Amino acid sequence: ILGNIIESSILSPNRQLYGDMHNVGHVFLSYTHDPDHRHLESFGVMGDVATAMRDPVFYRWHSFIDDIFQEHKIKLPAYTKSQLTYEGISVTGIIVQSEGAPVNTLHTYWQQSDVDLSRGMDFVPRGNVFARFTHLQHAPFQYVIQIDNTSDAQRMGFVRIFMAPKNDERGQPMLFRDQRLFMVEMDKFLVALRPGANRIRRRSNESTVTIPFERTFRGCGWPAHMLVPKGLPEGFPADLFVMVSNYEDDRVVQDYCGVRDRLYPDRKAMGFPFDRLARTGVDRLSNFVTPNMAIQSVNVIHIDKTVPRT
Amino acid sequence: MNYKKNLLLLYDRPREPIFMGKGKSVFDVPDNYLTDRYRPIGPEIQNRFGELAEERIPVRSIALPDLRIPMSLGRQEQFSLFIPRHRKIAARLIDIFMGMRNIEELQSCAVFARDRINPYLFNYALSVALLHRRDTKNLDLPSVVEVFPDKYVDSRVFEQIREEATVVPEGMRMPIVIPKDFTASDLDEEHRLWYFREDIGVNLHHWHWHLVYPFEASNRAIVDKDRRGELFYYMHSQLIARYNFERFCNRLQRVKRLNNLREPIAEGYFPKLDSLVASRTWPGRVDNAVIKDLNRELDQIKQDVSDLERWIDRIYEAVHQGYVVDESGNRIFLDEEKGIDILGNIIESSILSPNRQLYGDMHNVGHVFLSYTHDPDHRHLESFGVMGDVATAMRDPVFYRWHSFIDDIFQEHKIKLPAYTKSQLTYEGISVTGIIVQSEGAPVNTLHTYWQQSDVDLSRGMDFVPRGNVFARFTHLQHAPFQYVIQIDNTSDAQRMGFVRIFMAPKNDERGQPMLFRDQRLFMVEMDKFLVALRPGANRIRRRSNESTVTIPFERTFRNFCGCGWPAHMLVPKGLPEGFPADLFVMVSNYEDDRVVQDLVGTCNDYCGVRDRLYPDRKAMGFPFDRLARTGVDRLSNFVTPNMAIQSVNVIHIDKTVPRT
Amino acid sequence: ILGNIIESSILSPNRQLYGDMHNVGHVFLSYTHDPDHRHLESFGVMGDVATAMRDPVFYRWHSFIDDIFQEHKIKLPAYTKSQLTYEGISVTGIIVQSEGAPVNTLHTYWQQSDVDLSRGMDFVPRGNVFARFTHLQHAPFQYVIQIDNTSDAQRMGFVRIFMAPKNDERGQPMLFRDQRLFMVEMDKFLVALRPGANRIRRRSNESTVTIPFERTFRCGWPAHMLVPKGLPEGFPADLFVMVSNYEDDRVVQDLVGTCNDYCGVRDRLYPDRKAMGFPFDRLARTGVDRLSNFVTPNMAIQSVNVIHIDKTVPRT
Ligand SMILES: [Cu+2]
Ligand SMILES: [Cu+2]
Ligand SMILES: [Cu+2]
Ligand SMILES: [Cu+2]
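Right under this line is the structure:
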């Protein structure tokens, strides 16, 4: 509801009262240079969805808006130990492995790619016109998750993978209240677990948050090369987190893939483990955890070089 | 593969154990698949029926979910989808069969379950699974008459069929005549409508419609079909239109609705059916029975009449208000487009209802109340009467009263919609100048009807009866074949696409006057709706009666929309011996507006087309006449636009029995 | 809320709309014999709280009213396995023992008691006027509950004891949906559990549902009516106990607890955060079907037999 109210979608239960808050903000910010049209100038970059993210103020305005949503989320009751426990299931470890790199280590760098802008160049002599984009890229990797069943029956589960910074700006191990808002979703997929223990593997390129290279260059798809934060040359410390929830509860009976048409495939709230405040006694991630969750220290290394695509 | 054909053997002889062997086959069942009663002497039995068997189907022993819930219903009990508890049992079993990934495990699960659960329930649960799995598509399910003849035939025949099959050798067996007009004498004027109420055809159509459009299970398990709410409204609405027609052909007035539930029900009905599965008969309802508060602890029914009345009061309010309220508290508006569809889901109570808890389960609960007047607190350990089962509900006259009431509620919404403007139902350029009908050896604009015996093999359904054939002779209404001939002028300069919409109503009333629109619009029965391409200038369109999109062939039944299909022999009202006057109406609408862009090869009751996503007509169901007249209009002959035509038809009945040839 | 709406207490959020439903019903039922006052007659017994329970119609009218409340309770979400489990605590058995009677057996009978009605007899020669009441009575008994801690720390818990019929009127083992509504509260008290094993014993006369003889004659439910009558041939009944986590159920409060007719509860708050009738007020969670599979470790069931004996014991 709140979302439709704030952005102002015709789905808002009372547009007239609660207004067109997000959208009107984009216009105000884009017209500071000429607000009464006396200079016959058009809107700046924040006035177009196509270009809005280029401006730093975008993140300030969208940061504010988020705080308003948060104000609602902190009213919701904390998830109980019960609610995010999976009776029988226990995750005992998660790691990541890249080719030619230590365990629990992600790498990033720059990479040139080519795009044919020929169809867009009006009144230009026909032919090919290739442009070379430089953009962040990460070395391919894969998660390896150790899950024990101890039930006697095949258990269905949702694997939910987020990643946040390990410490704060002052260099201390982050508290939950802070860290919960910095967790970025990395993957969410359905898995069948055989009784006893199974060792689950997932490639970085199978991510349900991401869409392939081919789609961009040639919800609805975050660029694959932007999946991993940049990190530092000296290495940036990060907590990798995984949760296995009970898919039977989370299931949405129905016939990146294709979320347009019918329903969204997860009954749980979006950002589910961390959308709400901590239950009493919880203070940091390492004591928020239930058996069916696992934490892992990852180190994100950047290298200022321009690699190829082979 | 074979598997598809092997499941069809489960439908054979429902009460004979699965190890007894069906047709030219027999199942090689594990011993842990044998029932507790028979397992302790399984060796002696498997041996005893092993003889004379051609082929032998193996069955692998699988896990099998807990079948507690499916087995909760007794084996000698009746099964109805109206009863709250049965719904939960069936929906759970459907879930099991539906949840078997492979067509081999479905065969194994089925073979085990079959002899542990209620036959009627099994048949339903299987039927639903097969019809809506992907591997078991285009599969021709045996007619439910052939598997359960007890729901379709006077109980008297059963002891004749047993005699004939035991005494007389195969090949020399006489066909068993099925009694007609047997539920009441001429002291009851209602007995005249036997040929409609008690006709095998229409009862099968009703049962099947509810198969393909259930109101409970899972949206992917077939509940959320396009405009199923509107379908529920229209189909049932056409039943009463057709019934009211047949009433006029038997010197009766239009069916009176169930005004209010406290007043007695004048018309009793003893159905004369004997359930061989329950081993009992269906109870009758006496004259002037009164609805009573139900307390059927076993069935999980605790409903008061006032509950029903409360639901009705609320639904009326919503309809007048013009909007409903969902569980969340939000308002949804009963607009021109989706209003009727919503209302349908509210009234029948399909899980698609935007607020079941508030607006209730009005139609369904009514069926239960009416079926339990004779034993509402279960003190007499009696089952529900005929109105409690979709398979048999149409036999009772009260069906039409209850369904008549329900229709009035829908009407209350339709009369709020804005009249179709001259513009909206004109086709610029197109003009229909005449329509006629012609039967072989009969004047123009004249339809004939009569009685006709047909034969059906009830052999598969006769449990513990000496094997062989058992043919039964049904007598049923039939019409002489005919064809429409429609004269349409283009005057445009381009090929025009159009929908031909053909309805038929009575010409006058019972008081002898040319009917007014307000009245007549509700008595129009759909006769055909088909797409036609018109060349510039003049076009002579011809259409056979047997091409009707309202109807399904003989062959399908024996072997009124968007379900199984309406029986072909019931397409034409009976009429009178002296001739019954009727207005035939045709309209050509602009198919470009009415078109529903979609890809389909079209599909059957299992007419084809409606199993694909969408319903193939953007216009409302009953489109020319669903809404009130625009200003100035008063009767059909001044409602008409150029692209419509009227024709006086005369319907003649002849009391004779023709053969099928 | 619903309670204040239905009875009609000035606490009703809209008296004018939802009316004075319970109370007005009492008046209607009491005035059938003279509703327009043409006969100058007063109201029958249902018109006075003091006497209303004497009439059988009371239970019909109050039965209806209850169905309305139920209609709300069945909308509430089922208690989850989690919500009524006490991690660590396990009840392994409960029994009852009366002096000179088999285990798991309650006895009832008639008993005369005496009351001085002297102060109430106006214009009667002064002196004593003792009246002999005959009323149901039960032999004294005590519960014995076996609870295991398996935690390593002292655990606080609420003991919640209800009793229902075992079967129905037709003689079949009752389903939960039915039986949950027939459970009568028998006791609810706080207990401290030591690590390992604990044997809890509780007397019938310590019941928090009941008030002593002396209080009533010489506000709470009469002690002699604590146990149903049962049959001469014995009436089968399921005794149920639950130990809930008192830390969740606790109501931080300062309390006097001295016969303010039952401890009292005249202090601001009611001493239990859980709903009244808490184990059984709501519908069953999925899969549950009867009491014996509703149970969690921290609960226990026991077959009791209630025997009546048609004899008159003295009051002692
Ligand atoms: Cu924005
Ligand atoms: Cu129906
Ligand atoms: Cu119906
Ligand atoms: Cu009262």
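In the order they appear, the protein sequences are chains A, E and F. FYI, in the entry's author numbering the residues of the first sequence are 342 to 559, 580 to 616, 627 to 681. FYI, in the entry's author numbering the residues of the second sequence are 1 to 559, 577 to 623, 627 to 681. FYI, in the entry's author numbering the residues of the third sequence are 342 to 559, 581 to 623, 627 to 681. In this text, a Cβ means the ideal position worked out from N, Cα and C, and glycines have one as well.
For E/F410, the CB contacts under 6 Å within the same chain, skipping 5 residues up- and downstream, are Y233 in chain order.
Remark: the shortest separation between the CB of F/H448 and any heavy atom of ligand 4 does not fall under 7 Å. Within the region 330-379 of chain E, the complete beta strand (DSSP E) segments of 3 residues or longer fall at 331-333, listed in chain order. Here the C-alpha atom of E/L187 lies approximately 55 Å from the C-alpha atom of F/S383.
Neighbours of A/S423 in chain F, taken as residues at a C-beta separation under 8 Å, are given in chain order as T421, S423, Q424. For F/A393, the shortest C-beta to heavy atom distance toward ligand 4 is below 7 Å. DSSP, reduced to helix, strand and coil, places A/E382 outside both helices and strands of the structure shown, so it counts as coil.
At a cut-off of 7 Å, the beta-carbon of F/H403 counts as near ligand 4: some heavy atom of the ligand is closer than that. Across the region 214-229 of chain E, CB contacts with chain A closer than 9 Å involve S218, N219, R220, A221, in sequence order along the chain. With 16 or more other Cβ atoms from the protein chains shown falling within 10 Å of its own Cβ, A/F503 counts as buried. Apart from sequence neighbours up to five positions away, the residues of its chain that approach E/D28 with a beta-carbon distance below 8 Å are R56, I57, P58, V59, ordered along the chain. The alpha carbon of A/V432 has as its nearest neighbour, out of A/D489, A/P584, A/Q495, the alpha carbon of A/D489. Going by C-alpha positions, F/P584 is about 34 Å away from F/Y359. In this structure, the beta-carbon distance from E/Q78 to E/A391 does not fall below 8 Å. Under the three-state reduction of DSSP, E/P142 is assigned to coil, being neither helix nor strand.
For E/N244, there is no enclosing beta strand (DSSP E); the residue is part of the alpha helix (DSSP H) that begins and ends at 228-248.
Following the DSSP letters along the chain, one finds F/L534 in no alpha helix (DSSP H) but inside the beta strand (DSSP E) bounded by residues 525-534.
Relative to ligand 1, A/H374 has its C-beta separated by 7 Å or more from all heavy atoms. Straight across, the Cα-Cα distance linking E/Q478 with E/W451 is about 6 Å. Counting along the chain, E/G201 sits inside the alpha helix (DSSP H) bounded by residues 200-212.
Per DSSP, the beta bridge partners of A/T449 are A/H479, A/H673.
In the three-state reduction of the DSSP assignment, E/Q513 falls in the coil class.
Between ligand 2 and the CB of E/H208, the shortest heavy atom gap is not smaller than 7 Å. Straight across, the Cα-Cα distance linking E/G366 with A/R612 is about 35 Å. Three or more Cβ pairs closer than 8 Å define a contact, and the region 344-352 of chain E meets that threshold against the region 220-235 of chain E. Per DSSP, the unbroken beta strand (DSSP E) holding F/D600 starts and ends at 597-607. From the beta-carbon of A/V669, no residue of chain E is found nearer than 8 Å; the closest lies around 38 Å away. Here A/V525 is not near A/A538, since their CB atoms are 8 Å or more apart. In this structure, the CA atom of A/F517 is about 39 Å from the CA atom of A/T373.
Under the Cβ distance rule, A/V614 counts among the residues neighbouring chain E, one pair being separated by less than 8 Å. Taken through DSSP and simplified to helix, strand or coil, A/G498 comes out as strand. Residue pairing of A/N546 in beta bridges, as defined by DSSP: absent, with no partner found. In this structure, DSSP gives E/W282 a state outside helix and strand, which the three-state scheme calls coil. A residue is called buried once 16 or more other Cβ atoms fall within 10 Å of its Cβ, and A/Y484 is buried on that count. With distances taken between CA atoms, F/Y635 lies nearest to F/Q615 out of F/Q615, F/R379, F/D455, F/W402.
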